[PDB]
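The first sequence stops at residue 93 when you use the entry's author numbering, and every number in between is there.
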Amino acid sequence: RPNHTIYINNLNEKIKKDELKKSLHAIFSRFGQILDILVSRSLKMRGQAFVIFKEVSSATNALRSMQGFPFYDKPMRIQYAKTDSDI
RNA sequence: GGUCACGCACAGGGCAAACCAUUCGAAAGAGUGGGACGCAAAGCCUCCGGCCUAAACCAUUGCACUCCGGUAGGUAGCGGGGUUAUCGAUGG
Ligand SMILES: [Mg+2]
Numbered sequence: 007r008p009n010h011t012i013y014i015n016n017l018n019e020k021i022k023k024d025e026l027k028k029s030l031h032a033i034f035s036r037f038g039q040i041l042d043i044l045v046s047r048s049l050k051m052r053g054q055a056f057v058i059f060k061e062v063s064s065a066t067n068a069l070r071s072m073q074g075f076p077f078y079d080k081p082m083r084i085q086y087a088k089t090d091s092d093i
């Protein structure tokens, strides 16, 4: 089931993409070296983030540690990605 | 002559990119002044397509690595279209 990338759901949509990335990095950088964080604000990709880790284990840690985490008021929803595509 | 096209000019000349100052804006961007990259409509209008912004309301819990809600604003110097205008190469 597990994956290098984690999928974050239910994020506050009123936050700029600019800031959101930086906030997600500060929160998640404590578990491993993030390769990149993908955040779009299109109709489909609103309130959503992909955080690609160095390791799957480091990605397994962040999921098991910050589930439901109150983040910009709203609680985070984390689950593994379905495909780990990209270099 | 006039009309409809056209730009190898000629006459009057016209406009003003970037950048800087200042104002407005949530932003894209616009206004004014300075300033010239260029432009035969780089005068003017968002009807159509593209692109840029996303503060407020509406909608949306959505798995991406083409990119895409409504909504409003912007770009006419991104295209198309519409409309008006100078000269007139023994010009077509
Ligand atoms: Mg001026």
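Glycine included, every Cβ here is placed at the ideal spot set by N, Cα and C.
Does the Cβ-Cβ distance between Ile33 and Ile84 come in under 7 Å?
No, they are not a contact pair.
Hey, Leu17 and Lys80 are a contact pair by Cβ (cut 8 Å); roughly how many whole angstroms apart?
With 8 Å as the limit, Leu17 and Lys80 qualify as a contact, their Cβ atoms being about 7 Å apart.
For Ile33, which three-state DSSP category applies?
In the three-state reduction of the DSSP assignment, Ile33 falls in the helix class.
Work out the CA separation of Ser64 and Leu49 for me, nearest whole Å.
Looking at the backbone, the Cα of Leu49 and that of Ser64 are separated by about 30 Å.
Among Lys22, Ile43, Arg70, which one has its Cα closest to the Cα of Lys60?
Residue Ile43 is the option with its Cα nearest to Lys60.
Beta-bridge pairing of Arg47 - partner residues as DSSP gives them
Its beta-bridge partners do not exist; DSSP assigns none.
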